[PDB]
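Participant: 3D model of this:
(5 chains, ligands or ions: 4)
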Amino acid sequence: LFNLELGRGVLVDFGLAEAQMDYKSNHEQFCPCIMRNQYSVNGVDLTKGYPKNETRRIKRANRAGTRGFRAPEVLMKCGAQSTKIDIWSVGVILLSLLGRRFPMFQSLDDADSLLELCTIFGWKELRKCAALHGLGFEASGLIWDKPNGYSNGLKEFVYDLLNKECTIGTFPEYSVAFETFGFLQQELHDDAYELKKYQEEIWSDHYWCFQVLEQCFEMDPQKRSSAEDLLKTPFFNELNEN
Amino acid sequence: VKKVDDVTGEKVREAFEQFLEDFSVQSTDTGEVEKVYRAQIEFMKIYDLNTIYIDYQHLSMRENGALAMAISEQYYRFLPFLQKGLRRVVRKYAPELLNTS
Amino acid sequence: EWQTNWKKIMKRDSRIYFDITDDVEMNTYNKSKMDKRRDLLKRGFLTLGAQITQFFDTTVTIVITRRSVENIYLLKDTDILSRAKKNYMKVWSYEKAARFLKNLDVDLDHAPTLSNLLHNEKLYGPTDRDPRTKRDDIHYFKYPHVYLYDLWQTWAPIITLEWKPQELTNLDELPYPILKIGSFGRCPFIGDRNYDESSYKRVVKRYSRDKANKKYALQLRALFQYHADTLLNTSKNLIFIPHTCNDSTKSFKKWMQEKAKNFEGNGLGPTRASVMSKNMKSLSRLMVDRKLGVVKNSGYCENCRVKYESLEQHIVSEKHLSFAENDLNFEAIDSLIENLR
Amino acid sequence: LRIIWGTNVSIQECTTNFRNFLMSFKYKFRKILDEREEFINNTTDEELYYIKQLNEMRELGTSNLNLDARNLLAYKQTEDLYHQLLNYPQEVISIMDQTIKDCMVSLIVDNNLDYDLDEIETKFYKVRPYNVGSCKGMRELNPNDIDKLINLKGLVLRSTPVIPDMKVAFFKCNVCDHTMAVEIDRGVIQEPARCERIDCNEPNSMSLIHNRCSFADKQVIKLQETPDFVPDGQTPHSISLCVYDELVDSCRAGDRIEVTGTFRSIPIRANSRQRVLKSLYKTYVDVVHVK
Amino acid sequence: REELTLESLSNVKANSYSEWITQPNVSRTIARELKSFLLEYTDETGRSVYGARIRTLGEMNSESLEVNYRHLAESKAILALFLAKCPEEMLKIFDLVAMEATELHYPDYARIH
Ligand SMILES: [Mg+2]
Ligand SMILES: [Zn+2]
Ligand SMILES: [Zn+2]
Ligand SMILES: [Zn+2]
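Facilitator: Numbers count the residues shown, from 1 in each chain, chains lettered A, B, ... in the order given. Ligands and ions are numbered 1, 2, ... in the order given. This is the structure:
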């Protein structure tokens, strides 16, 4: 909950707030995903297809959360969950502000949300993310508009989310999105000098904002930055007044 | 044509071969290590018998029971492999028993 | 050190023929296993990336012969060993090639236990079948599909989506989210469906909504313009970054360019088992709509573990009243009521 | 939506109703139903009955739940489920088995118990409804009562030895020794007319290996009817019951048993040479519970 | 026994060359040795004439291999004599040999011809 005029907020809901328990009662044991203690051929493959009448139980991992803010580690059933996932939920909101779209992901199903993450990033990134939790991803025959789409970065993504917007005319004249649009026209190539150095202000701000946005949007749980390191990033260089 | 091989059948045959060759028993204060089944094979060679008597108690000990499960539970499947293993053991030890004589 | 000085020509001047003839009479099973050696050396040379010529030439670097390299004294002028002597060709034998391979530090060998075999046969059926054949026990993929599974195969696959080609038609609605962009804050995957933002009937809405929504955004702009921290707001008034992309205001001025007098449920769910019986799956084929044969609040109840169609009748039900009247269930919360007070 | 063709049964609604019945049934409901409200004791008639039964079956490792059908009449939500179970025993009992598995999984997970879930998931749980409506004898059942859950009561006279009923047919190639394992489907096994191996496609290479197939226990029991109502002039009747895979040899000759099962009819071939069935069907009972 | 060489091919255990060539022990030997002949034979300048002929055949989708009789006679005289002797059993083994040789360079060629 954030008051703009006071300019600060509070985290209110906790009904679904799970408590982490210890890692042990450098990617060898935190995330081969061994949890549930179930980590302890000829003629069959089990990679090209699934059994017709399956006699195996599905993984049971926590799925509590909200559509469209679920992290990759909670989208593919993964035990040994950590606080890192909440960091992902920070980026999506940060992605909602940059692009002016609030419902970032429809996320009708876990598979649907995972394929939504395939469109912005790419099939290979999602498969290499899955290969970390011990799971294999596979998708083919699908008409994706860009294979490995938005590889220049999430920068190009917000730029397209802004392109359709800046061609049809969906933004007002007193808009703030035009600054981001003109800064991505910098990053992508495709008196009154407060104009120039406020120009430099908002451009440096956007340049570092996308850096924190991509640290939040990382597939690897461990190599994803924590809250402390994310707060020490030079985008937030206004903490000296403390 | 490449005939399909029963991998576990071959494994059971090999386990039966080592059971027939290397099995040993401790006598009751009348001798040292004796190989029961090689002695039985040479016995039925001398007396021209056709039947070999395999004790299930002896068979259970070998292969930590893994030969025992497979022979007792899938006997109709592994019987030809047991026959092949016995025939090979006779072919190397006492090779004159493989003919009707 | 043979692993470097010989590996420099390994990538640029390294093309080798494998001989297929045999000098002396041989057995058929032995013929098969020498074919297996020929393939083994083939993929031991292939892994390192060396090119191979099936067609013997004069630009061939090495030949490896099951033929006797040695005893070459008497041979036909057309026989390949004679022309290997003839063009400085590096002539080897399969034993010499195996020695080279062992000196390459590459593995010669690229279920062990009967108990492990029986454990594998407890699942996956038996092994008395062709290893590489459509098992007819596992549903195989032939159409566009998405499949997320466990490589350890310890858990059931999480995602198994298999769409027929006719389902891939009608690109207006796919069974999967193809990225769409959208406008006016739309969820990118959601399109402008039955919405034409270029329709003036729509345009007189968004610009006008922007007119009433103008100064709320002006206040917010002036309050968050110069400093991220809002404690230093009070201090030319408004500054803007120039742009050239057309607008809602620009669109509406265009529509007066073009049209006006001118031309152109509850939140929880029951815990269901994962394994579906064969009979239950078979019953799914026989389903028909309820048109043949035979209070909006509805959802699960974690207290009673029963699903209700009506809240005002679940709370007055027997089990819910019994649960509420029992103070032993509400014990840990009883610590908090008076722990704070 | 999506009810089953030919039945009133809807999988979702029936599953929900049976789960609610299992989670929230107490025997005081039946005591009220039987107009015996003054026998109601708060100690054992106020505990969830089937929750305790599910816990006991989990602890003991058993797989069969004995469901009293009349209990479904006590619960309000399952007043229709009783008629659905009586009218369509096959679909309803399958749904009940699935619901029992879900219920036990929920009992283990929701209460966070220590019990392993691997052996629960791989276990096949079965429901045995017994106390269905007792009337109509056996001779008063019409062809409209075929495939319905009926309740007979009588004396066991005879029982055939254990008959092997093939569930999986094991074929073997006479050429390449490649084997597929066909599954039975409504009593018909699709014999392969070609080796599925791509290497050899010999048409009649496949031969059935009788001793390597998968078999299940089937037994036929001769029962003498002892109905509550006997119409004038009729003589005692004998029927054949079919017990399957755990109920074999559970009834010995001379036993007085009350058996609940499906009233079935099968066409009997006139001769062993040709495939011609008789237009007059033969009636029997597939036993699901023996008391 | 069941596999022969080029030297041992001359000695015929059958009454006539037809039974010799039809004999599987000789048929597989002839097939292997013609497979070798198509691969190894090269011109005096260095060009593998059958190499270029296979590439031309693959690049033109033709089903005719223009095999010469000098090259067979000079390289393998006994097989050229066998071909001149019983050209029905031969040109049936070697057509298969040529198919194998053109499939090695041009895989998945049986679908075309
Ligand atoms: Mg909440
Ligand atoms: Zn993980
Ligand atoms: Zn409740
Ligand atoms: Zn076959």
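Participant: For the closest residue to residue C:228 other than its chain neighbours, give its distance to ligand 2.
Facilitator: Nearest residue to residue C:228, sequence neighbours excluded (CB to CB, 6 or more residues apart in numbering or on different chains): residue A:238, at 5.0 Å. All C-beta spots, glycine's among them, are computed from the backbone N, C-alpha and C. Here residue A:238 is placed at a distance of 35 Å from ligand 2 (CB to the ion, to the nearest Å).
Participant: Repeat that for residue C:250.
Facilitator: In terms of CB to the ion, residue C:250 sits 50 Å off from ligand 2.
Participant: count of neighbours near the residue nearest to that residue when sequence neighbours are not counted?
Facilitator: Leaving aside its chain neighbours, residue C:250 sits nearest to residue A:169 (6.3 Å; criterion: CB to CB, 6+ apart). For residue A:169, the number of neighbouring residues by other CB atoms under 10 Å in any protein chain shown comes to 23.
Participant: and residue A:169, what does it touch?
Facilitator: C:197, C:246-248, C:250-251 (CB atoms under 8 Å, 6 or more residues apart in numbering or on different chains).
Participant: so how many other residues sit close to residue 60?
Facilitator: Using chain A. So residue A:60, with other CB under 10 Å, has 15 neighbours.
Participant: right idea, wrong chain: chain C
Facilitator: 21.
Participant: Just the element for it, please.
Facilitator: Assigned by DSSP states H and E, residue C:60 belongs to no helix or strand.
Participant: now it, nearest residue through space, not along the chain?
Facilitator: residue C:17 (4.9 Å).
Participant: Show me what the host helix or strand of the one you found is in contact with.
Facilitator: Using DSSP H and E, residue C:17 falls within strand C:15-18. Strand C:15-18 is contacted by residues C:38, C:41-42, C:45, C:50-54, C:56-57, C:59-64, C:80 when judged by CB under 8 Å, 6+ apart.
Participant: Out of those residues, which end up buried?
Facilitator: The neighbour-count criterion (16 or more other CB atoms under 10 Å in any protein chain shown) marks C:41, C:45, C:50, C:53, C:56, C:60-64, C:80 among those as buried.
Participant: Could you work out the most separated pair of those?
Facilitator: C:50 and C:80 (19.0 Å; CB to CB).
Participant: count of neighbours near residue 81?
Facilitator: In the absence of a named chain, chain A is used. Other residues close to residue A:81 by other CB under 10 Å number 18.
Participant: nope, chain E
Facilitator: By other CB under 10 Å, neighbour count at residue E:81 equals 13.
Participant: For the spatially most central residue of chain A, which non-adjacent residue is closest in space?
Facilitator: Chain A has residue A:217 as the residue nearest its centroid, 3.6 Å off, counting by CA atoms, centre = their mean. Leaving aside its sequence neighbours, residue A:217 sits nearest to residue A:91 (CB to CB, 6+ apart; 4.7 Å).
Participant: neighbours around that neighbour, how many?
Facilitator: Residue A:91 has 22 nearby residues by other CB under 10 Å.
Participant: Could you tell me how far the closest residue to chain B within chain E is located from residue E:40?
Facilitator: Going by CB to the nearest CB, chain B is nearest to residue E:24 of chain E, at 15.4 Å. According to CB to CB, to the nearest Å, residue E:24 stands 24 Å off from residue E:40.
Participant: Then residue D:280?
Facilitator: The value you get for residue D:280 to residue E:40, if CB to CB is used, is 81 Å.
Participant: If you count surrounding residues, which of these two has more?
Facilitator: residue E:40 (22 against 8).
Participant: Nearest residue to the more buried one in space, please, no chain neighbours.
Facilitator: residue C:56 is the one closest to residue E:40 (CB to CB, 6+ apart), at 4.3 Å.
Participant: Residue E:42 is in contact with the one you found, correct?
Facilitator: Yes - with contact defined as CB atoms under 8 Å, residue C:56 counts as touching residue E:42 (6.3 Å).
Participant: Give the residues shared as contacts by those two.
Facilitator: The contact lists of residue C:56 and residue E:42 share residue E:48, where a contact means CB under 8 Å, 6+ apart.
Participant: hmm, back to that, confirm the residue nearest to residue A:217 sits in a helix?
Facilitator: Yes - assessed by DSSP: H, G, I helix; E, B strand; the rest coil, residue A:91 belongs to a helix.
Participant: Next up, the contacts around it.
Facilitator: Residue A:91 touches A:213, A:215-217, counting by CB under 8 Å, 6+ apart.
Participant: so which of those residues also contact ligand 4?
Facilitator: For ligand 4, no contacts are drawn from these by CB under 5 Å from the ion.
Participant: can you tell me which of the residues you listed lies nearest to residue A:127?
Facilitator: Closest to residue A:127, out of all of these and judged by CB to CB, is residue A:217, at 16.7 Å.
Participant: Okay, the closest one and residue D:288: tell me how far apart.
Facilitator: With CB to CB as the criterion, residue A:217 and residue D:288 are 57 Å apart.
Participant: Now do the same contact list for residue C:38.
Facilitator: C:18, C:20.
Participant: quick check, distance from the helix or strand that contains it to the centre of its chain.
Facilitator: Using DSSP H and E, residue C:38 maps to helix C:28-46. Centroid separation between helix C:28-46 and its chain, computed with CA atoms, centre = their mean, to the nearest Å, is 36 Å.
Participant: Can you list the buried residues in it?
Facilitator: Counting neighbours by 16+ other CB under 10 Å, helix C:28-46 gives C:34, C:40-41, C:44-45 as buried.
Participant: can you map out the helices along the stretch 151-300 of chain C?
Facilitator: C:200-212, C:214-223, C:248-258, C:278-283 (DSSP state H, counting those that start in this stretch).
Participant: Could you do chain A as well?
Facilitator: For chain A, the helices defined by DSSP state H cover A:72-75, A:84-97, A:110-121, A:123-130, A:154-168, A:177-188, A:194-216, A:227-231.
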